[PDB]
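A single chain, nothing else alongside it, follows as structure tokens in the form solved without the ligand.
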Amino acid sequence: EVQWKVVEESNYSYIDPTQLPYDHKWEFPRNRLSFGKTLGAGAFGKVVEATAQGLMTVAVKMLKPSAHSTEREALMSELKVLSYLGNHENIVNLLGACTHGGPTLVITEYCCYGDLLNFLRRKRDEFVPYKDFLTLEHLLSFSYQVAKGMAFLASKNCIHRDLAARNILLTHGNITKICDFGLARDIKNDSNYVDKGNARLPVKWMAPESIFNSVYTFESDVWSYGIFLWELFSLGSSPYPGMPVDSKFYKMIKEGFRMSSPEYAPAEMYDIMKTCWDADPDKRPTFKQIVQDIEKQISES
């Protein structure tokens, strides 16, 4: 299941998120919700735009009527993980929840510009590196904010496992927020997810140890962040463009093959990508190092 995991020292192992506590401070009166347009939908759930009276415009995640018992539990565990993580500017934050009086509703922040991938593709022919054009100043800020958000998740012993520009939302003032669609997104319709065994996985974003050894760590999140950077400075291009995921692709990655630098990537940002893609997880930077490195770049700019 492609979703977030909180880990505990064992050497880490995933915690069972059902065992996390749900504090009822999040409880919010169901009747104070006015639902609007459906923002997204998966096989078992959807996110709807809603007006919250006394909490503003919010996003509400809910299950579809065909959801099984395990998915109601999964939505509850999603609420438990968000409540455990706490608040940060660069994640989609929990605002409230409705657990009794009906089916479970998770109330989160609303990001009006949608996911960052479609935004970049939208702005591709309206980009200039320097001077509402998208600029290099914006791409640096986006790289900075996603690194801050990922540093925050890592500091809470949380690993994303699916970091990609499609999972970053953009809101007002060019604030980027990491999110986990979870049950609100069905990956069977997305060609960026590849069948491998029974699983469907974002192979072109995954670290080699994740692909060939099923190992997901803080360091494998850093690898995916490097792919995200490539997406960002290619203005939304697909990674390893024109390459099918086949035996040749896996062999090339295993033998050290990496993408070339995007056209608009500053050399300092390509340096970060290359270190993120080190075959040795121990040689990759941490998200805290990446935050400081990009902070120095923005000062110089």
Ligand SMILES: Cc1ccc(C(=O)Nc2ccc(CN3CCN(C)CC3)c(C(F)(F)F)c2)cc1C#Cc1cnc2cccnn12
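One rule holds for the numbers: they count along the sequence shown, beginning at 1.
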At least a third of the other compared entries leaving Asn157 unmodelled, is that the case? no
In at least a third of the other compared PDB entries, does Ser191 have no coordinates? yes
Residues without coordinates, deposited sequence, stretch from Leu55 to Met56: is the count none, 1 to 3, 4 to 9, or 10 or more? 4 to 9
Might you work out how many residues are unmodelled in the deposited sequence between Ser10 and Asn11, and answer none, 1 to 3, 4 to 9, or 10 or more? 1 to 3
Average Cα temperature factor in the PDB entry - higher stretch of 178 to 186, 88 to 96: 178 to 186
Stretch exceeding the other in mean C-alpha B-factor - 164 to 172, 216 to 224: 164 to 172
Return the residue from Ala267, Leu232, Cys276, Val48 that has the highest Cα B-factor in the entry. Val48
The largest CA temperature factor among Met150, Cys111, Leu117, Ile107 is found at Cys111
Relative to the other modelled residues in the chain, which third contains the C-alpha temperature factor of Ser238: lowest, middle or highest? lowest
What third of the chain does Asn198 rank in for C-alpha temperature factor, lowest, middle or highest? highest
Quick check for you: using the entry's CA B-factors within this chain, is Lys64 in the lowest, middle or highest third? highest
Lowest, middle or highest third of the chain for the C-alpha temperature factor of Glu263? highest
Name the third of the chain's ranked CA B-factors that contains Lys156, choosing lowest, middle or highest. lowest
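There is also a form solved in complex with the ligand; it is not shown, and the following applies to it.
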At 2.4 angstroms from backbone or C-beta atoms, do at least 3 atoms of the ligand clash after superposing the site C-alphas onto the pose in the entry with it bound, making the site blocked, or is it open? blocked
Would you please decide whether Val60 lies within 4.5 angstroms of the ligand in the entry with it bound, comparing each non-hydrogen atom pair? yes
Whether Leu39 contacts the ligand in the entry with it bound should be assessed with a 4.5 Å heavy atom distance threshold; does it? yes
Are any of the heavy atoms in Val47 no more than 4.5 Å from a heavy atom of the ligand in the entry with it bound? yes
Indicate whether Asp186 is a 4.5 Å heavy atom neighbour of the ligand in the entry with it bound. no
Looking at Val194, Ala154, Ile211, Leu85, which is the one with a non-hydrogen atom within 4.5 Å of the ligand in the entry with it bound? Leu85
Students should find that, of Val222, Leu120, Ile178, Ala147, the residue having a non-hydrogen atom no more than 4.5 angstroms from the ligand in the entry with it bound is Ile178
Okay, which stretch from 136 to 144, 223 to 231, 202 to 210, 88 to 96 lines the ligand in the entry with it bound, with non-hydrogen atoms inside 4.5 Å? 88 to 96
For a quick test of understanding: in the entry with it bound, does each of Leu235, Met273 and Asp293 have a heavy atom within 4.5 Å of the ligand? no
